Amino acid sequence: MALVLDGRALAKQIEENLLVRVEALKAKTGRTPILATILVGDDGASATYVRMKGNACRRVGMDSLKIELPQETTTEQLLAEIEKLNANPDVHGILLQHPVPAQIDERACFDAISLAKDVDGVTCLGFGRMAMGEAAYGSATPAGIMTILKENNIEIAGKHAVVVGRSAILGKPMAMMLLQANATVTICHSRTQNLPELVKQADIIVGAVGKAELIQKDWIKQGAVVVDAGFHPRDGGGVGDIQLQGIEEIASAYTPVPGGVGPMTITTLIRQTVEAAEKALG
């Protein structure tokens, strides 16, 4: 039966020393690390995830600066708001929760965040530096996945990884991180013409499509490592981007949904905020 890649347990374990580090920094400097979170508009899921990230901050002795902007916020207004936070020495990391209202140029706003405070890893600069092996905060969800794979001793070098999805904050960074770990990487998307065929070749499959159980269980290679980065609420248990019912007979290891990639998205953001604060204050 497949090894459950327990993101919930890993997140809990990691938070233990993050709390020690933060309490050390606060005792040393007399200053509390701050993650500024920006929630723009009325997306309920975005609201929920921002609160979860704030809670996680407080669990390790940090706090959040809660920035909430209306649905009709313009690109110019959000940029100004990010420039305030960039020049705020009391703020050590900046999160802009995706997806912002459609009228806003999200890419422009991501890129306005200073590299030093890009603790969610959304800037083009952060991405390019990561892709080229230079030190950078990685996009939270894919960096969290690499941590899951590494802590669970999952072999990556020489494996064929297939990433289904190519979004700026998930699929693309995921692909580059796996490449950096010496996987052969295939990147698929909505214009891939033979998706089932390619998924069946995957030693490591990452579902990053944001569509409930799009990736069929029948496409999964026997002994594959299965990573499901999706989450879709449903009556009595949500589902991810991959059909996981009966995956225990197929995968060598898999991320459950919930309790897999999700907690480690949050933990990665928090860890990288701790890192930023240490650099800023220490």
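Note that residue numbering begins at 1 and tracks the sequence as displayed.
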Per the PDB entry, mean CA B-factor is higher for 157-165 or 93-101, namely for 157-165
Segment of higher mean CA temperature factor, 59-67 or 244-252
244-252
Residue with highest C-alpha B-factor in the PDB entry, from 274, 20, 261, 266
20
Just the C-alpha B-factor column, please: which of 129, 107, 117, 200 has the biggest number?
200
Please rank the C-alpha B-factors of the chain's modelled residues and tell me whether residue 111 sits in the lowest, middle or highest third.
lowest
Lowest, middle or highest third: where is residue 212 by C-alpha B factor in its chain?
highest
When the modelled residues of the chain are sorted by Cα temperature factor, does residue 195 land in the lowest, middle or highest third?
highest
Using the B-factor values recorded in the entry, state whether the Cα atom of residue 37 falls in the lowest, middle or highest third among the modelled residues of its chain.
lowest
If you rank the chain by CA B-factor, which third does residue 221 end up in: lowest, middle or highest?
highest
